[PDB]
Engineer: 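I have a structure here, written as structure tokens, and I will follow up with some questions on it.
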Amino acid sequence: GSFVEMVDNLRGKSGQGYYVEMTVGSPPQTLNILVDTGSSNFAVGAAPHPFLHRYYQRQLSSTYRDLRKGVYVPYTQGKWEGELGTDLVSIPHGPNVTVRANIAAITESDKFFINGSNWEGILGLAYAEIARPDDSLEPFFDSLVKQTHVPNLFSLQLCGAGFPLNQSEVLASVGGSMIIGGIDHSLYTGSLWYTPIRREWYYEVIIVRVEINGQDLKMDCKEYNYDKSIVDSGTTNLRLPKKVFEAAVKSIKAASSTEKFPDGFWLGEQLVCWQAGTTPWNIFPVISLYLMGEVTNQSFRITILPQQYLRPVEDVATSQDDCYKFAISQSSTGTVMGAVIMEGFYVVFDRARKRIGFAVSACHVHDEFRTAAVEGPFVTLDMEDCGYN
Amino acid sequence: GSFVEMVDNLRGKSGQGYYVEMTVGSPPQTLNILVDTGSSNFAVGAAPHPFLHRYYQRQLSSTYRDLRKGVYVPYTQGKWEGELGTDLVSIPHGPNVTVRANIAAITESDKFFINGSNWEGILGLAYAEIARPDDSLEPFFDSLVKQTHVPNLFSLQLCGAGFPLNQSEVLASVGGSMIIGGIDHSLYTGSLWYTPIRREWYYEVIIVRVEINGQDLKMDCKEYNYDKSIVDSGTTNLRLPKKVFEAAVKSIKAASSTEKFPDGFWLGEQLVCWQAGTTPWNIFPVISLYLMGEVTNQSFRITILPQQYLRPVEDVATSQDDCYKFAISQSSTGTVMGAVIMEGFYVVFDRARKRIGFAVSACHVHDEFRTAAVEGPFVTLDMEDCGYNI
Ligand SMILES: COC[C@H]1CCCN1C(=O)c1cc(C)cc(C(=O)N[C@@H](Cc2cc(F)cc(F)c2)[C@H](O)[C@H]2CN(S(=O)(=O)c3cccc(C)c3)CCN2)c1
Ligand SMILES: COC[C@H]1CCCN1C(=O)c1cc(C)cc(C(=O)N[C@@H](Cc2cc(F)cc(F)c2)[C@H](O)[C@H]2CN(S(=O)(=O)c3cccc(C)c3)CCN2)c1
């Protein structure tokens with residue numbers, strides 16, 4: 001019911017990622033690790049890097065075991081080269097257990113570490129199927145559950161501030177909670193609705209309908225999941241398949257037409273600013289994503305506000321204006337429900353029952369007139385046809 | 001060949017540098033000078049040093065003029081301290097002119113002079129912007145052009161032997177040509193392709209694409225010129241920015257994977273040897289560097305062989321094996337197209353038209369199956385974006 005020891009154990013923000021503290025080796029080497037539900041490798045910087053002020057020093061760990069094998073891991077954003085091995089790992093603000101897990105010691109990288117993010121590694125929480133080099137390299141969460149009694153489930157509450165957080169602020173602020181092995185009821189309001197995990201590789205789900213301010217985008221639902229739809233804390237934006245993205249932007253533009261913005265804004269590249277406190281939230285539409293339910297021909301929906309899809313950023317002039325970037329972008333690899341979307345909800349990755357739960361987050365940003373929502377049920381047919389093959 | 005007097009006026013090798021003979025003072029004092037397109041100061045040993053068997057003696061020159069000013073000049077490799085002055089300078093196997101130029105008389109140095117190199121000074125041929133102490137100290141070539149009718153251009157043909165040269169051999173062998181004021185057609189084959197000199201300080205260029213055996217390295221082209229790319233005869237290796245180096249080595253290892261080499265080899269530190277005549281050139285890939293062309297959206301490429309990037313060295317046991325060191329290394333100061341790269345081509349430093357020309361060298365080392373090349377044109381867009389801006 002409650003896991004006080006794990007509540008508020010996350011820090012960070014949508015644009016730089018959310019991270020949890022972990023320790024590797026003996027004696028314990030503390031490192032901040034990016035929580036990534038969109039990959040399956042546990043890797044840490046293991047050599048000096050301009051953006052790192054600390055890294056994993058294998059020669060100083062008595063429990064380090066060298067697997068005598070290198071691995072090359074590229075992501076959409078960047079990539080790293082690492083040396084595989086194992087060591088004892090713990091989560092200070094997590095379950096009171098120690099696990100021997102696989103660790104990729106990063107020796108070379110390109111556009112992977114983020115300057116000023118405060119994290120030095122990544123925690124891939126997805127399934128073995130997409131682990132590199134292959135599925136024989138057991139993911140951290142799998143080792144955790146196998147070696148301990150911790151229930152096969154974790155939940156994430158990512159908290160966007162709603163405004164820019166400067167360097168010192170983001171280091172001192174609570175970014176959210178990662179409850180390992182349970183669900184903490186204080187992190188959400190209303191009811192939890194579950195959508196099935198279609199297949200166990202990414203946390204894959206199926207979107208069956210999309211609305212912009214109640215208006216049906218009206219596309220073949222297969223387009224929404226081409227070539228897949230995933231829940232990914234390791235990606236900032238809500239990324240949509242090319243065809244869906246173009247349709248969504250046209251609709252969002254139509255709904256917010258009382259004000260015109262440069263193309264660069266809609267490309268998610270340039271920011272838009274308004275005098276302090278005057279952001280016209282009301283001219284932007286809410287976005288509803290209907291997800292397949294656990295009951296036959298039943299679906300539910302999660303609704304996102306512009307407070308979620310417009311990401312706060314500090315103005316180039318550090319002025320007092322409230323500025324933002326459009327956090328919805330085009331994808332060529334399916335739908336990616338990133339951090340800005342997760343920030344509106346408490347998300348339960350129920351691996352044990354092969355499902356993902358959504359509930360209104362106790363820390364989501366909104367205004368006096370609208371709120372994010374998770375509602376159901378709705379009658380929906382042939383939802384399995386929405387999945388891509 | 002329209003400049004027979006300057007053809008074959010160079011001696012030396014990639015590992016110790018190529019030098020030209022010059023005279024300074026009245027009466028003329030002969031000295032061997034390192035040809036360095038990577039710096040802009042003309043300086044000579046002017047005091048006894050263990051590695052010098054001769055040096056500039058100012059008190060014996062009636063035309064020596066003291067500028068009453070000292071200067072400290074450090075390079076990545078080493079450094080020297082000297083006293084500035086001017087004197088009359090000539091190049092015996094060069095244009096038939098005498099010019100008064102600035103000369104830094106080296107009185108102290110650290111890791112600058114090389115034992116057995118046979119040179120006693122350095123000729124910085126780059127622009128005034130990087131001259132020490134500042135750009136008011138006119139570089140030698142600028143003085144030469146201003147005081148004479150020599151065209152504002154020089155060309156270099158650096159000739160690597162393709163095998164080790166002992167002390168005696170390196171002293172009697174022709175190391176190449178420095179044509180002052182012109183282009184000698186006998187030093188190259190095929191056509192000359194020109195890339196723009198981006199800015200006049202180092203001889204800076206812009207690389208727009210890189211291939212290893214035709215396979216695109218596929219990096220943002222800005223990486224190739226971070227923070228700059230230069231043509232430098234004063235450096236042995238092809239030096240590449242950290243990330244480009246890592247990518248290049250990975251690809252070169254992949255292409256030559258039928259043979260495994262120790263990390264020390266790829267670090268450019270230890271040599272690898274093969275039984276005489278059996279070097280497996282064919283397992284190593286050719287490397288192509290695409291350079292911005294003179295025409296809009298057009299580029300050309302220069303391709304080098306392992307015969308260029310594997311530098312011949314004498315075996316530690318002076319055996320009959322053919323040994324080499326990997327002559328590609330990482331840099332934290334941008335790309336450096338060093339001597340091992342220049343050895344594959346005839347390079348024209350066309351200062352007058354702010355461009356650098358490349359053509360297959362008549363003396364590049366190759367085998368019966370592959371040759372170095374300079375080919376074009378290729379359609380390339382947004383090349384200006386490949387250049388780096390601080
Ligand atoms: C919070 O976000 C922070 C800001 C700043 C920097 C990145 N970033 C983004 O918003 C952003 C944007 C885009 C367009 C992509 C990514 C992206 O690749 N994320 C990765 C994790 C990651 C986070 C980083 F911080 C840097 C980095 F190198 C990578 C995630 O694991 C993606 C990976 N892919 S896969 O097909 O490659 C892929 C598939 C299967 C296995 C692997 C190993 C990779 C699938 C979806 N899950 C992140
Ligand atoms: C053939 O090579 C022979 C073998 C044996 C010994 C050196 N060497 C190399 O291969 C080698 C290696 C490395 C890593 C560096 C150098 C290097 O500094 N070369 C210098 C010239 C030089 C040659 C020597 F022989 C000894 C020596 F002291 C220096 C060149 O002018 C470099 C200098 N820089 S700057 O930023 O410093 C620099 C920038 C602007 C002004 C100055 C004054 C210095 C820019 C690129 N142009 C040479």
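Worth knowing before you read on, the calculation uses all heavy atoms, side chains too, and leaves out hydrogens, waters and symmetry mates. A, B, ... follow the sequence lines: proteins, then strands. Residue 1 opens every chain.
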Engineer: Less than 4.0 angstrom from a charged side-chain N to a carboxylate O is my criterion; do A/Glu120 and A/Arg54 meet it?
Structural biologist: yes

Engineer: Short question: side chain of A/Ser61, backbone of A/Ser26 - any donor-acceptor pair under 3.5 Å?
Structural biologist: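 Answer holds: yes.
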
Engineer: Say whether A/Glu204 and A/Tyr127, considering side chains only, have a donor N or O and an acceptor N or O under 3.5 Å apart.
Structural biologist: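 Per modelled atom types, A/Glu204 and A/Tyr127 side chains form no pair under 3.5 Å.
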
Engineer: Is it true that, when you exclude A/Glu384 itself, more than 12 heavy atoms of the residues, nucleotides or ligands shown sit nearer than 6.0 Å to its CD?
Structural biologist: no

Engineer: In Å and rounded to the nearest 0.5 Å, what is the OG to CD1 distance from A/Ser155 to A/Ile180?
Structural biologist: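 If we round to the nearest 0.5 Å, A/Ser155:OG and A/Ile180:CD1 are 9.5 Å apart.
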
Engineer: Measure the spacing between OG1 of A/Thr30 and OH of A/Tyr56 and express it to the nearest 0.5 Å.
Structural biologist: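 Nearest 0.5 Å value for the OG1-OH distance: 13.0 Å.
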
Engineer: Take A/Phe42 and A/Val89, measure what side-chain contact (heavy atoms from CB on, under 4.5 Å) needs, and give me the verdict at the end.
Structural biologist: CA-CA 11 Å; A/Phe42 178 30; A/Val89 185; 3.9 Å; yes

Engineer: Check whether any side-chain heavy atom of B/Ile212 sits under 4.5 Å from a side-chain heavy atom of B/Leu217, and report yes or no.
Structural biologist: yes

Engineer: Got a sec: does the CD of B/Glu259 have more than 12 other heavy atoms crowding it under 6.0 Å?
Structural biologist: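 Enclosed: over 12 neighbouring heavy atoms sit under 6.0 Å from CD of B/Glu259.
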
Engineer: Side chains of A/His364 and A/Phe345: closer than 4.5 Å at any heavy-atom pair?
Structural biologist: no

Engineer: Do A/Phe154 and A/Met6 have side chains that get closer than 4.5 Å, going by heavy atoms?
Structural biologist: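 No, side chains not in contact.
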
Engineer: For A/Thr235 and A/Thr76: C-alpha separation, side-chain torsions, deciding distance, then whether side-chain contact (heavy atoms from CB on, under 4.5 Å) applies.
Structural biologist: CA-CA 10 Å; A/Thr235 290; A/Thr76 300; over 6 Å; no

Engineer: So which atom in A/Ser90 and which in A/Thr98 form the shortest heavy-atom distance, rounded to 0.1 Å?
Structural biologist: OG-OG1, 3.1 Å

Engineer: Check this for me: A/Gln270, atom CD, are more than 12 non-hydrogen atoms of other residues, nucleotides or ligands nearer than 6.0 Å?
Structural biologist: yes

Engineer: Does the pair A/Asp134 and A/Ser136 meet the rule for a side chain to side chain donor-acceptor pair (under 3.5 Å), with working shown?
Structural biologist: CA-CA 5 Å; A/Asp134 55 66; A/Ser136 73; 2.4 Å; yes

Engineer: Does atom CZ of A/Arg353 have more than 12 heavy-atom neighbours, drawn from other residues, nucleotides or ligands, at distances under 6.0 Å?
Structural biologist: no

Engineer: Does a side chain donor of either A/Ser186 or A/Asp184 reach within less than 3.5 Å of an acceptor in the other side chain?
Structural biologist: yes

Engineer: Is there a side-chain contact between A/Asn118 and A/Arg11 (heavy atoms, below 4.5 Å)?
Structural biologist: yes

Engineer: From A/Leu123 CG over to A/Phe141 CZ, what is the distance, rounded to the nearest 0.5 angstrom?
Structural biologist: 9.5 Å

Engineer: When A/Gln157 is tested against each of A/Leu187, A/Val347, A/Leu10 for side chain to side chain contact (heavy atoms under 4.5 Å, CB included), which residue passes?
Structural biologist: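 Only match with A/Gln157 under side chain to side chain contact (heavy atoms under 4.5 Å, CB included): A/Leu187.
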
Engineer: Testing the basics here: between A/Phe300 and A/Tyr194, what is the closest heavy-atom pair and its distance to 0.1 Å?
Structural biologist: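 Where A/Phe300 meets A/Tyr194 most closely, the heavy atoms are CE2-O, 3.4 Å.
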
Engineer: Which class fits the ring pair A/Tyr203 and A/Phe349: parallel under 30°, tilted 30 to 60°, perpendicular over 60°?
Structural biologist: perpendicular

Engineer: Any side-chain heavy atom of A/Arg209 sitting closer than 4.5 Å to one from A/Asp216?
Structural biologist: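 Yes. Closest side-chain heavy atoms under 4.5 Å.
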
Engineer: Would you check, one step at a time, whether the test side-chain contact (heavy atoms from CB on, under 4.5 Å) holds for A/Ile114 with A/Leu34?
Structural biologist: CA-CA 11 Å; A/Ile114 300 172; A/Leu34 174 71; over 6 Å; no

Engineer: Knowing that exactly one of A/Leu240, A/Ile206, A/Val208, A/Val210 qualifies, which makes a side chain to side chain contact (heavy atoms under 4.5 Å, CB included) with A/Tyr224?
Structural biologist: A/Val210

Engineer: First locate atom CE of A/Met22, then atom CG of A/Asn32, and finally report the distance between them rounded to the nearest 0.5 Å.
Structural biologist: 11.0 Å

Engineer: Can you tell me how far OG1 of A/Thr236 sits from CD of A/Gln16, rounded to the nearest 0.5 angstrom?
Structural biologist: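 That separation rounds to 9.0 Å.
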
Engineer: What closest approach, in Å, do A/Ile207 and A/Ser229 show between heavy atoms, and which atom pair accounts for it?
Structural biologist: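 Shortest heavy-atom separation between A/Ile207 and A/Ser229 comes out as CD1-OG, 3.8 Å.
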
Engineer: Side chains of A/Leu67 and A/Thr86, heavy atoms from C-beta outward: is any pair under 4.5 Å?
Structural biologist: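 The answer is yes, as the side chains (C-beta and beyond) meet within the 4.5 Å cut-off.
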
Engineer: Less than 4.0 Å between a side-chain N and a carboxylate O, is that true for B/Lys250 and A/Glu108?
Structural biologist: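 A salt bridge is absent here (no side-chain N lies under 4.0 Å from a carboxylate O).
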
Engineer: Check the orientation of A/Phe284 and A/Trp266. Use parallel for under 30°, tilted for 30 to 60°, and perpendicular for over 60°.
Structural biologist: tilted

Engineer: Ion pair present between A/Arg199 and A/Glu129, side-chain N to carboxylate O less than 4.0 angstrom?
Structural biologist: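 Salt bridge between A/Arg199 and A/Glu129, a charged N being under 4.0 Å from a carboxylate O: yes.
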
Engineer: List the atom of A/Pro139, the atom of A/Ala126, and the distance in Å for their closest heavy-atom pair.
Structural biologist: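 Closest approach of A/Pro139 to A/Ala126, heavy atoms only: CB-O, 4.0 Å.
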
Engineer: After noting the C-alpha distance and the side-chain angles of A/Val249 and A/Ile328, does the key distance pass the side-chain contact (heavy atoms from CB on, under 4.5 Å) rule?
Structural biologist: CA-CA 9 Å; A/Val249 173; A/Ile328 300 185; 5.6 Å; no

Engineer: Please walk me through it: do A/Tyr290 and A/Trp193 pass ring-ring contact (aromatic ring centres under 6.0 Å, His included)?
Structural biologist: CA-CA 11 Å; A/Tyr290 287 66; A/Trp193 282 85; over 10 Å; no

Engineer: Examine distances only and state if a side-chain atom of A/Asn9 and a backbone atom of A/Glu5 form a donor-acceptor pair shorter than 3.5 Å.
Structural biologist: no

Engineer: Evaluate the side-chain proximity of A/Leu310 to A/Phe265: yes if any heavy-atom separation is below 4.5 Å, no if none is.
Structural biologist: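 A/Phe265 reaches A/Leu310 side chain to side chain.
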
Engineer: Rounded to the nearest 0.5 Å, what separates atom CZ in A/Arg301 from atom CG in A/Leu291?
Structural biologist: 12.0 Å

Engineer: Could you report the tightest heavy-atom contact between A/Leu84 and A/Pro133, atom names first, then the distance?
Structural biologist: CD1-CD, 4.2 Å

Engineer: Would you find more than 12 non-hydrogen atoms of other residues, nucleotides or ligands less than 6.0 Å from A/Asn96 atom CG?
Structural biologist: no

Engineer: Any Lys/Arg nitrogen of A/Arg351 or A/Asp142 sitting under 4.0 Å from an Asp/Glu carboxylate oxygen of the other?
Structural biologist: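 The answer is yes: the pair qualifies as a salt bridge.
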
Engineer: For residues A/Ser361 and A/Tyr188, determine if any side-chain heavy atom of one lies less than 4.5 Å from a side-chain heavy atom of the other.
Structural biologist: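 No, side chains not in contact.
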
Engineer: Side-chain donor-acceptor pair under 3.5 Å between A/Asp232 and A/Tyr202, yes or no?
Structural biologist: no

Engineer: Considering all heavy atoms of both residues, which atom of A/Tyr346 and which atom of A/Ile179 are nearest to each other, and what is their separation?
Structural biologist: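 Minimum heavy-atom separation between A/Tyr346 and A/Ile179: OH-CG1, 3.7 Å.
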
Engineer: Around B/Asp263, counting heavy atoms of other residues, nucleotides and ligands shown, do more than 12 lie under 6.0 Å from its CG?
Structural biologist: no

Engineer: For the pair A/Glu246 and A/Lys242, find out whether any cationic side-chain nitrogen is under 4.0 Å from an anionic carboxylate oxygen.
Structural biologist: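 A salt bridge is present here (some side-chain N lies under 4.0 Å from a carboxylate O).
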
Engineer: Counting neighbours of OH on A/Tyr55 that are heavy atoms of other residues, nucleotides or ligands and sit closer than 6.0 Å, is the number greater than 12?
Structural biologist: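 Atom OH in A/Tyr55 is packed in, count exceeds 12.
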
